[PDB]
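Read through the structure below, which is laid out as structure tokens, and then see the notes.
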Amino acid sequence: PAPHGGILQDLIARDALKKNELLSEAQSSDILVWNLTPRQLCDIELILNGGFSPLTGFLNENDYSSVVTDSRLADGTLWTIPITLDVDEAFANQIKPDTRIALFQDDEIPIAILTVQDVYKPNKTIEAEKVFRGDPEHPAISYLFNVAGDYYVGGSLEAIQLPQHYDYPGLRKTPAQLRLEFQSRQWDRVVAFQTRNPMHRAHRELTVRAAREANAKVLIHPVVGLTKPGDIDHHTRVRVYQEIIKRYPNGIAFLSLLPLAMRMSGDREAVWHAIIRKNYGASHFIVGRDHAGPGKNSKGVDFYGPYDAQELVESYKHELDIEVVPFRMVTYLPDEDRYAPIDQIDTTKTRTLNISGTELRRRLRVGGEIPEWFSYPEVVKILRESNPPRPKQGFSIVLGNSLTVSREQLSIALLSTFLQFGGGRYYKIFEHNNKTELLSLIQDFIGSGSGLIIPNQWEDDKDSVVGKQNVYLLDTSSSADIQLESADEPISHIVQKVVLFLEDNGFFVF
Amino acid sequence: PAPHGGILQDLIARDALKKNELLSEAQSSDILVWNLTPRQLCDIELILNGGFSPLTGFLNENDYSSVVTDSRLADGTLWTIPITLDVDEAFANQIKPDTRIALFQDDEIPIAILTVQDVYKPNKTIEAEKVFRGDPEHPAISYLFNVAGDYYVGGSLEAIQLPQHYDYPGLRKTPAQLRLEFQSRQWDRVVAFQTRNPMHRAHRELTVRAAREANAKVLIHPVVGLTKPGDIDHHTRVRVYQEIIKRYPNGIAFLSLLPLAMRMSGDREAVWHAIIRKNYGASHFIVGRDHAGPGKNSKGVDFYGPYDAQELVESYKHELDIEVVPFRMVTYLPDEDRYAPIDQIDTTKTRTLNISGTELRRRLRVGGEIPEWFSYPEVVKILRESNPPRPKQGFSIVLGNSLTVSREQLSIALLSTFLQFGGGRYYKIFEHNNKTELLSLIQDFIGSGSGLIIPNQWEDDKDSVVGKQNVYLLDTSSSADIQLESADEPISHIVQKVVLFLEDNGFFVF
Amino acid sequence: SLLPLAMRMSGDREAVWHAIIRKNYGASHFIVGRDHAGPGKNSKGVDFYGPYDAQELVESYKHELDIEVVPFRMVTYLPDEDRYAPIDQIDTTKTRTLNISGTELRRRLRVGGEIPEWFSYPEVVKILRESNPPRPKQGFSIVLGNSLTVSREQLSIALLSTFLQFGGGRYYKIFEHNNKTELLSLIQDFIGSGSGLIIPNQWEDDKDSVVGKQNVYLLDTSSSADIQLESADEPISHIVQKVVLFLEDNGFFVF
Ligand SMILES: Nc1ncnc2c1ncn2[C@@H]1O[C@H](COP(=O)(O)OP(=O)(O)O)[C@@H](O)[C@H]1O
Ligand SMILES: Nc1ncnc2c1ncn2[C@@H]1O[C@H](COP(=O)(O)OP(=O)(O)O)[C@@H](O)[C@H]1O
Ligand SMILES: Nc1ncnc2c1ncn2[C@@H]1O[C@H](COP(=O)(O)OP(=O)(O)O)[C@@H](O)[C@H]1O
Ligand SMILES: [Ca+2]
Ligand SMILES: [Ca+2]
Ligand SMILES: [Ca+2]
Ligand SMILES: [Ca+2]
Ligand SMILES: [Ca+2]
Ligand SMILES: [Ca+2]
Ligand SMILES: [Ca+2]
Ligand SMILES: [Ca+2]
Ligand SMILES: [Mg+2]
Ligand SMILES: [Mg+2]
Ligand SMILES: [Mg+2]
Ligand SMILES: [Mg+2]
Ligand SMILES: [Mg+2]
Ligand code: NA
Ligand code: NA
Ligand code: NA
Ligand code: NA
Ligand code: NA
Ligand code: NA
Ligand code: NA
Ligand code: NA
Ligand code: NA
Ligand code: NA
Ligand code: NA
Ligand code: NA
Ligand code: NA
Ligand code: NA
Ligand code: NA
Ligand code: NA
């Protein structure tokens, strides 16, 4: 179909003969400069290549406002997710309309020149409530208040180059490129599948049913920009994707990475995804159970209904101009050894089985087996590889402040004890001396699979610097992970408590 | 047999009723204090428990001198290795005979009180030449000039407690304890086997032949103090030992760890080992090929003859008072599938096979297979565990100073590139800013299996702080590990050069 | 078809006989390969019959036998071509051959050694191993020599308790024969059953014939003892180690 708005806004192509000129300007000693944030680098790349057609810059207050209260741009164009350039009060104060800002990446690569139209201070509460449904735990809302700048700068863009990427160099197809790919193959019907997790049997089966139902070729269009905090990294996922694609019949599917920054905005996001995919050249778009949803909040309540996205997309049907292929929960059928949409089976006279993400996360962490029927073995291998079971995980033991025994001696005792177990983990007594340059390394080591023995706590003001994962506190405090009987407890006693704690949590296996 | 000199000098036992008193003195605000070095902690523990009988303190100039030129103590007692308390000029200058020094461990645990007899400044060249054969590459000589203090403090000792150890708590038997062990079992003939490497098939067979020839039980008495730089760590070895001991027939062998600090002093060391083992209660002592030798120097010449130790031990035969069980190179016989002393086979009409240490080190580093006939599979598994093949090893890439491209961008490019390979390694751009507190972590990460991308070199004055292993230099310099064509070489070009280099070196396997 | 014939191992004469027998049984052709019906070599290593004496004798009686003889030259293995063939059809010069002799096979079976996939079929080898078990599965007997001066009762118990701790499936017993042949004749039944027997003392020479010498070892100071003691009064623990290591050296024990 035609790109949203009718015109593919590939500004890289549009501004080709301006490149050298824009470049010089971007590099002048007088232009105002803003180094894009991660999500901003994600958004700007989708703007500059026509992925966000009709957009051609970041939303001004007029367009922004309409998107928030209307799910439409000011001119009425269907558009549900606001794409804005969020800056701080400091930077904002130097901006005036007509001003031109050079937007850099990594403070080194000139990306584009923004021509300021306005500078407004959005009401984050409204955006939170109206666009993301107001639950404070919602990924988009937390980002909105905890990461996003408080001032939005609207304005038109002029492309210099798309953000730089040194990984998966040829796989990040642009709308024009993809469109050219489908064309060289004479693909006039393509059903796109969005995804931010690894693909298992259910997915392969669901995408193939789609391909069969729609009579169209398959485009595995995974998101490699920004997803949900805690998701599997995209590298591991690309591997999973490249492997699973080999399970489809020869010549039926194409893999292209989308550098989109998700919002986990359930239904609104689905509408947005469809618009994006249309721009990229797709004729059909899959929308399954809880599309783009962030699951449930800590209270166990749903951020979105399992089919809210499908319903919203359906209501915008005659406007989207891209065919939606909706799916009901695709589950496993033991007795027939096959998958199928839940709406096609009698959940009464047929048994179903389902390993949820939580359940999978758990198996991977315990080294548990994952059913041959659940996912393909190569996929699971890749997953285990970057999401190792406890006996391969790193950790850190912190000698609480309440501790009254010799910290030096207790440290050594823990070190020498861990050492005898053997098994391949690296251990170290890590003294941070409250130096954040050190505190920031604690997780790098845990991430490397190492066991760190930390002689003492760090200032509360520095706590943010440290990644709490696999970081256990040894103290008499009720809120200690490994609680001591008393601050003066004999070392050997403490050592056993710690060993048994770590062994009870899978770090040690004898 | 009786301990050397006739009296077991278990000073812990001797000074039992002085402990509280010595303790108080050691902790007085007026006594001179010296924190023992690693080798000194190894030596003092062998002195305090009677392992170095007849010694009861560190050698004074008279005794030291005799050992160096006579291989005997001043009184004529056969003794080949000098055991001295080496301190620096600063400390030495505060010492006077009759002075009492409190010797601590980790600046916290009071070990003993030394009563100074003298303070002399040895001629390290004579000791080097006369005791260790003068080759500068010799482990004991290098230590002598590079680590040992320049002033020796002779004097008698008074025990407070043996150095503290939190690992393998019950396995470090003292001479008295071991003697009691052998006794409770009614072992009146025990052949001891010294070792600082892992034990393979040859070892098991040779120690069993010894047990059969000598009609004695087997004592696997491994060194866990200090050995040769580069040796397998003692923890990995203790595991190897505890595993291999299960291959001997039920009730024939005993394992006890010896906290001795080796000198790699070939023949002199063998004589010493025999004296030590006798003190510990052994009736027989094995002395095989190149006993306690450090191999060859970089020039490929032998530090000691393959049987120099056997010959020296043989010349001191009637003095040692402990039976020596000599062995000729024990090798493998393919066709008969068995091991045997080289002196018992016709190297003419029978074929032999031998995987040397170098060869083994190599296989372990490439992930190569180790013959079922060479070592036991569990042993090899443990070895692989702590001596992982390249695809599991950590490394560091250093952006040379000559580099002219963007260091930030090249770093990110290398990061993103390594990331796509997947496979379990952790990567990080590590900025040290010449801070030694950071430089000193480079090897901790390499040791943890991580790949570090270092944006720039460090001051030459700080070079010592970093462990050179798996640390590669990317530069135009002729002496660069990964040599660049030119300082301005395009990033993608550099990235490929680095990738292929790492892949050529086993770090990456596709 | 099974032939209840009692062989004579009479090489060439026997081959002629076999042909006559097979003809009676209805055969039209009879194979006569290398060293047909020969008993190998005597202890001195000399051949009882030439490798082809049988073929030659059969050939001389050719027109009388009235049954066709199909002679074969040593059929051997060819590694590089992975196939068998008569030695007379290959150039033992430009082609390499391999051969696992009976002795060699007997040996592998006794040590639990592997037998090449190319030598025999795996099911065959399994069946062979089953009834010709490797040493760690074999039975044996230790005999406390007459020269022994230590307590026979105590040494017996010591050996019993020691073997017991090794575990692994073998059955052990102190077997007193009291020179009764009805008992001596059971020694091999037990060895044959895989058991380890500890025999407190020797048996009269007149009864020696009654016992099957296989896997029966003599512990004594005598020069002709299988496990030689240093002295008749050697302490028990010392003797026990000597015996254990002897048995382990002979594959009976594997740790
Ligand atoms: N079991 C399932 N049944 C139907 N649809 C599914 C199922 N699992 C995943 N999907 C759909 O696959 C697509 C991508 O899956 P996933 O990455 O987990 O979520 P997201 O929608 O956040 O990208 C979504 O449209 C989702 O609704
Ligand atoms: N293949 C061998 N043949 C003969 N003796 C050997 C062999 N391997 C090891 N040994 C002997 O085993 C003992 C311990 O071996 P090792 O740990 O390698 O050396 P070290 O003497 O430095 O502890 C030494 O007496 C050594 O000479
Ligand atoms: N490798 C061989 N090459 C040629 N002939 C063989 C070979 N092996 C066995 N034969 C022949 O197979 C027949 C039966 O073999 P075998 O049972 O070992 O001997 P026997 O003649 O005593 O029954 C004999 O004719 C023998 O010569
Ligand atoms: Ca704010
Ligand atoms: Ca729900
Ligand atoms: Ca207390
Ligand atoms: Ca010096
Ligand atoms: Ca040599
Ligand atoms: Ca140039
Ligand atoms: Ca012959
Ligand atoms: Ca006697
Ligand atoms: Mg990009
Ligand atoms: Mg989902
Ligand atoms: Mg100690
Ligand atoms: Mg050696
Ligand atoms: Mg035959
Ligand atoms: Na249309
Ligand atoms: Na910079
Ligand atoms: Na509100
Ligand atoms: Na349709
Ligand atoms: Na709903
Ligand atoms: Na538990
Ligand atoms: Na003596
Ligand atoms: Na201290
Ligand atoms: Na020599
Ligand atoms: Na003597
Ligand atoms: Na002797
Ligand atoms: Na090479
Ligand atoms: Na003949
Ligand atoms: Na006839
Ligand atoms: Na014929
Ligand atoms: Na032997």
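Neighbour counts are summed over all protein chains in view; Cβ atoms, including those assigned to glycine, are modelled from backbone coordinates with ideal geometry. Only the coordinates and a few stated rules stand behind these numbers; no lab work does.
Key figures
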read-out	value
Label-point separation in nm, C:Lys23 to B:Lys19, each point 7 Å along Cα→Cβ	10.0
Relative contact order for chain B, counting Cα pairs under 8 Å that sit 6 or more residues apart, in percent	12
Selection of trypsin sites (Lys or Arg not before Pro), region C:122-177, meeting DSSP coil and at most 15 other Cβ within 10 Å	none
For region A:368-418 and region A:37-61, distance of Cα centres in Å	41
Peptide A:436-442 - average C-beta neighbours from other chains (10 Å radius)	2
Inter-label distance for A:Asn197 and B:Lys435, nm, one decimal - labels placed 7 Å from Cα along Cα-to-Cβ	4.0
With Cα atoms, 0 to 90° folded angle of helix A:407-421 axis to chain A main axis	80
Burial order of peptide ranges B:464-475, A:22-33 (average beta-carbon count within 10 Å, highest first)	B:464-475, A:22-33
Footprinting exposure proxy for B:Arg179, A:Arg338, C:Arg73 (fewest neighbouring C-beta atoms within 10 Å first)	A:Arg338, C:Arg73, B:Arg179
Cut-off under 5 Å, modelled amide H: who pairs with B:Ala261 long-range	B:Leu226
Peptide B:155-167, shielding by other chains (average Cβ, 10 Å cutoff)	2
Over chain C: helical MRE at 222 nm, DSSP H runs n ≥ 4 each giving -39500 (n - 2.57), nearest 500	-9500 deg cm²/dmol
Residue mean of other protein chain beta carbons inside 10 Å, A:422-433	4
Long-range HN-HN contacts of C:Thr76 with modeled amide H, under 5 Å	C:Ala85, C:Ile87
Gap separating the Cα centres of region A:1-19 and region B:185-227, nearest whole Å	80
Rounded to whole Hz, the Karplus (6.51, -1.76, 1.60) HN-Hα couplings of region B:160-169, x for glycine and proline	10, 6, 6, x, 6, 8, 9, 9, 6, x
Using a Förster distance of 45 Å, the FRET efficiency for A:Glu108-A:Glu359 (Cβ separation, nearest 0.05)	0.55
Percent RCO, i.e. relative contact order, over chain C, from Cα pairs under 8 Å lying at least 6 residues apart	15
Degrees separating the helix B:38-48 axis from the principal Cα axis of chain B, which is the longest one	20
Estimated FRET transfer efficiency (C:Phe119, C:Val70; beta-carbon r; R0 22 Å; 0.05)	0.40
Distance between modelled label sites at A:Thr352 and B:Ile31, nm, 7 Å Cα→Cβ extension	7.7
Between helix B:61-70 and chain B: long-axis angle, C-alpha atoms, 0 to 90°, nearest 10	80
Region C:1-133: relative contact order as a whole-number percent, Cα under 8 Å and 6+ apart	19
Loop GluC sites (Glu not before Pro), region A:364-457, which have at most 13 other Cβ atoms in a 10 Å radius of their Cβ (DSSP)	A:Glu369, A:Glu372
Computed E for A:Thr99/A:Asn146 - FRET, C-beta separation, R0 30 angstrom, nearest 0.05	0.60
